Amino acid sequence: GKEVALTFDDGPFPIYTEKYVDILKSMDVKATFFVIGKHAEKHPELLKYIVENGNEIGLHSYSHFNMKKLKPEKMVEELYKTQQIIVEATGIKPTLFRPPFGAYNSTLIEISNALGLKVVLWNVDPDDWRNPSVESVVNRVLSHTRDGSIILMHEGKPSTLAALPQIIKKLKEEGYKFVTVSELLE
């Protein structure tokens, strides 16, 4: 066994969420979507869409601001609002949280855990936010992926929608099974 977790930050987006999900469903492959609360409450049917197709939803905060310096009650507001938006939309209560920019402190770990959330970063960054060549995304992913890789990618990127089927195809050929972040960590 060799497992890899594909992850998508910053969604959901109209058009692109549905695109990303169709691709993953068509290739028998699941992923984790770390969703911004302001985006999620505008588009509750897109969260239903992510989850009915077997994907995991995580939190990416409500506002998508650096949380490093927030007071604790403001950490609670950002995380609890997003949990509530997600559970109202899907009936599934998320267990993971990726902080904006991956910026955290001990306090944000302690608050997250008290809300039943694990904080997760990533360990493969193909820098897909600053839109690169769809061949360049693929190479970084395929040269850096090992057993237990958590690949940071972004929703709403056409250069990411383009890279997905090559990435999936090569890593299936290299003997990787695709898992949610929760099933990777257990």
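Sequential numbering from 1, following the sequence displayed.
115-123 and 23-31 differ in mean CA B-factor, and the higher of the two is recorded for 23-31. Comparing 73-81 with 86-94, the higher mean C-alpha B-factor in the PDB entry belongs to 86-94. Across the residues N139, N66, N55, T145, the deposited record lists the maximum Cα B factor for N139.
In the PDB entry, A40 places in the middle third of its chain by CA B-factor. In this PDB entry, the Cα temperature factor of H60 sits in the bottom third of its chain's modelled residues, the lowest group. Among all modelled residues in its chain, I150 ranks in the lowest third by Cα B-factor.
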